[PDB]
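# Fold and geometry: a report
The residues making up each chain are set out below.
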Amino acid sequence: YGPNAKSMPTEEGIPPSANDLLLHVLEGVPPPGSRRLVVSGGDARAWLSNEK
Amino acid sequence: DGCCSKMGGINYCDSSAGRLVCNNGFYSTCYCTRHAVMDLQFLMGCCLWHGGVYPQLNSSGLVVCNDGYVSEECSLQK
Amino acid sequence: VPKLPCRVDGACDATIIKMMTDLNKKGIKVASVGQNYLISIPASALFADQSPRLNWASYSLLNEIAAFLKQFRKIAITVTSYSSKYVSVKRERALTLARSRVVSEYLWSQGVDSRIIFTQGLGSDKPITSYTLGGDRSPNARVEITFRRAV
Amino acid sequence: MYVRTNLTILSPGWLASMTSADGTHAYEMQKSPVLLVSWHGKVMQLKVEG
Amino acid sequence: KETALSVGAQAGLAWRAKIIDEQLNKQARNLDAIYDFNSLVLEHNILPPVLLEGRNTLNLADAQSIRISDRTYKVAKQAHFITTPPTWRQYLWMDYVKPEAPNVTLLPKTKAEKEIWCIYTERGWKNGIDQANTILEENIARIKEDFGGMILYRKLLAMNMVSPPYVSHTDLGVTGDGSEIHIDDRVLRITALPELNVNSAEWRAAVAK
Amino acid sequence: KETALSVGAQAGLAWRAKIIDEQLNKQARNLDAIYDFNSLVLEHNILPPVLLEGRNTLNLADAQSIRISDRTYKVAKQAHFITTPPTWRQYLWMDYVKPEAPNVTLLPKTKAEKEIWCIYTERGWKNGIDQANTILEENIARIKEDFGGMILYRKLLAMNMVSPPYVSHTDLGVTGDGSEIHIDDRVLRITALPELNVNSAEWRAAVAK
Amino acid sequence: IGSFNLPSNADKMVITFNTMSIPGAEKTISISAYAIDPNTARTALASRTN
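Once that is clear, we can look at the overall build of chain D. A count of helical and extended segments in chain D gives 0 helices and 6 strands. Each helix (α) and strand (β) of chain D, taken in turn from the N terminus, gives the series β-β-β-β-β-β. Taking 2.2 N^0.38 as the reference for a compact globule, 50 residues should give roughly 10 Å; the C-alpha atoms of chain D span a radius of gyration of 11 Å, in line with that estimate. Dimensions of chain D, computed from C-alpha atoms along their principal axes, come out at roughly 30 × 25 × 15 Å.

Dropping the structure here:
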């Protein structure tokens, strides 16, 4: 490819498997750096780390 | 006010069911922890069913949820 | 308190205890074991004699027992009917099923928020009194509503 | 199988694909003797031996 | 004056929102029975697309120039995956909060000032009511249009004019290194987005009795 | 003002913490009975690692991309040597400090001040109570996680789906100069960390009766 | 933040207010403005004068 190779083709592959922090979230260990959350009305807990 | 009224009385707040225990062996009509089972159907708040209220200090009376859709009833009237 | 509801809506323990004692004074059988409750109603004070017809006074009893039954959060209710040995098997069986259908229908029209209403009747198979001299007056013929309070 | 064409493969699957700017597609995919393709809206079978 | 108009609009909007939300919540079950969506989703949990129908359309370009179409069909929103069936709750609910902020500026001094404060709050209450009614009607028109597009797609695929979406899946055995493993991997992709055909042969007609 | 509320929150946190440590100390023997570690230790005083198992996972990567897995396994903390069994006191024992500083500025002078003092103090108190209980449940969740991962390693090694740790030791006689001597030399090293296996033949199926 | 004025006669008072700051982001504008009576449409001060 030369210096003006504008039309570089699109490269793609396998989608990601899963996000691995869900294991800790499932067990009861909150992820690092997160914040506590308030839940009302049921038996549940929640956290917020990275706008998710 | 008396959750176990005209009976044995209050024993303790069980956090597993989130209920008071009457001294006569029944679960109370009241609640004692927020992690209980409430029949919740009605709410408050603005920009619901979207990204919530975007918490910035806006120059105008416009207020927009985090998905981009706005709420004119959350906004003022002029 | 301003947003958190303190107790369950439309229930009070004093009301529950008082109306349960009123039912026991009326003589309708009420029993509580564990998280389970059994209410037994004699047939003679409710129905017509060996026949699915209703007295006009019985709607008052159905009214107050539905008001008591609204006091608890419920999930599933079972309605079972028992009769006396009168003519056949199936005649008594179908009488029990009709009686159960009527009482279940009126309860479901009333304000109990059960997810499940189960209804069946078995005629005169299992009695609870070997003294079977009477007909519809004898206490072995009745109806039962059994349910379990959950959480 | 490494198969290069201009068609698009639908049914039997793929793992890696490269589409260039001119309109050529290269498929790296698991071995299969039967393929299914569509010429721009019509459906046909591809039978490849070996 | 202007404070009276502002708080009248706010209070009327809030109170009408409370009443409408209470009526809408009290009539709950038949609402969901009407706007079921889970009885409409396809096999691979793909939300069916949104279509639009137009009949007897006329466009005047200018003088000496007109075009007439007997029927038009438009794809609105592309079909894609969903992990949940959507409900009417994100389409029909409206927010509500009572405003309780009076700041005494144009002063209620005399009884005349008190009553003009009253009547300006009255016309503000009127305006807030009408504003809430307009918003509710706009939302119910929106959900009607969305569901109509859905069911129109269903009957069009019955009518054999829309290509059904096509999906592959690729299998993989035990994966990964000695640190992380997965037992089996399956990747689910689609290739053909649903779209309309143009050929004249494949059309199918229907006739009842 | 709010200072009474904040200092009451501090006091309630401290008092709930002290009572919690009292109760946790008083229930002592069954705690270390159920959280044994030295019965669970491996051969060479090696703390065995911790493993995580997830079942029936679905990921949506983006619009039109999904991956489905049946069981995923992850090594959390790599095993290593140790000189002591870890105990629960470095997981459960809360800290404690008596707060000796009520800032004597906003003492009440009127009964309304006393009223707001009382109410703000008690709501801060219940805040401190709930915060302490949140800390306690986070700690008990994390130690439950540690023990679960350890015992899952034990049963994966039972099911023949992990490599055991591998150790070589080297032996020498006397060493050193004429002034410093050691009678023996035992150098204990581990070459292969325990890790998962990827093949298909070595899977050991279980049964019961 | 600002100050007051000293008039020649004590029948009124005006307020010199110029230091206007909106918090959050490190900014402070410099707008000066004057004072009128809320709800009375005047320029005086509510106090005693004897």
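General note: in soluble globular proteins, nonpolar side chains tend to be found buried as a group. With 14 residues, the main nonpolar core has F68, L69, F72, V103, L107 and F147 of chain C as its most contacted residues. Of all the secondary structure elements, the ones that give two or more residues to this core are α1 (13-26), α2 (58-69), β5 (76-82) and α3 (90-109) of chain C. Per-element accounting of this core gives the leading share, 4 residues, to α2 of chain C. With 11 residues, the next largest nonpolar core counts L24, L31, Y35 and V50 of chain F among its residues.

A word on the side chain of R189 of chain E. Along the chain, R189 of chain E falls in strand β7 (residues 185-192). Put simply, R189 of chain E is tucked away with no salt bridge, and the nearest opposite charge, on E12 of chain A, sits 4.5 Å away. Among the polar contacts listed, one links the side chain of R189 of chain E to the backbone oxygen of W14 of chain D, at a separation of 3.1 Å.

Glancing now at unusual backbone geometry. Backbone geometry places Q64 of chain E, a non-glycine residue, at a positive phi of 60°. Along the polypeptide, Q64 of chain E turns up in the loop between β2 (50-62) and β3 (65-77).

Our focus in this paragraph is the interface of chain B and chain E. At the interface, 15 residues of chain B touch 15 residues of chain E. Here chain B and chain E share an interface that buries about 1,400 Å² over both sides, 54% of which is from carbon and sulfur atoms. Here chain B and chain E share 0 salt bridges between them. Counting across the interface, chain B meets chain E through 3 residue pairs in polar contact. Split by residue class, the side of chain B that touches chain E holds 8 nonpolar, 5 polar and 2 charged.

Our focus in this paragraph is the packing of helix α1 (residues 3-26) of chain F against helix α4 (residues 111-158) of chain F. Residue and element names in this part refer to chain F. Following both chains from N to C, one finds α1 and α4 inclined at 40°, their axes separated by 6 Å at the closest point. Judged on the interaxial angle alone, α4 and α1 are oblique. In this structure, α1 meets α4 at a crossing whose hand is right-handed. Where α1 approaches α4, its residues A4, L5, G8, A9, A11, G12, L13, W15, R16 and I20 are matched on the opposing element by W117, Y120, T121, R123, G124, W125, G128, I129, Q131, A132, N133 and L136.

Turning our attention to the arrangement of the chains. There are 11 pairs of chains in contact here; the most contacts are made by chains E and F. At the C-alpha level, the nearest point of chain C lies 12 Å from chain F, with no contact between them. As for chain F relative to chain D, no contact occurs, and the smallest C-alpha gap between them is 12 Å.

Cut-off values and rules
Residues numbered from 1 in each chain as written, not as in the entry; some residues may be left out. Chains lettered and ligands numbered in written order. Part of a larger assembly, values for the part shown. Heavy atoms only, no water. Helix = DSSP H or I, 4+ residues; strand = E, 2+ residues; numbered from the N terminus. Rg over C-alpha atoms; globule rule 2.2 N^0.38 Å. Core = buried A, V, L, I, M, F, W, Y, C linked by side-chain atoms within 4.5 Å. Buried < 20%, exposed > 50% of the residue type's maximum accessible area, 1.4 Å probe, protein only. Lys, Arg positive; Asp, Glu negative; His and termini not counted. Salt bridge = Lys/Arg side-chain N within 4 Å of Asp/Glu carboxyl O. Polar contact = N/O pair within 3.5 Å; in protein donor to acceptor, adjacent residues only side chain to side chain. Contact = heavy atoms within 4.5 Å. Buried area = accessible area lost by both parts, 1.4 Å probe. Nonpolar A, V, L, I, M, F, W, Y, C, P; charged D, E, K, R; others polar. Axes fitted to C-alpha atoms, helices over the stretch in contact; angles between N-to-C directions. Parallel < 35°, antiparallel > 145°, perpendicular 65-115°, else oblique. Left-handed = near helix turned anticlockwise from the far one by under 90°.

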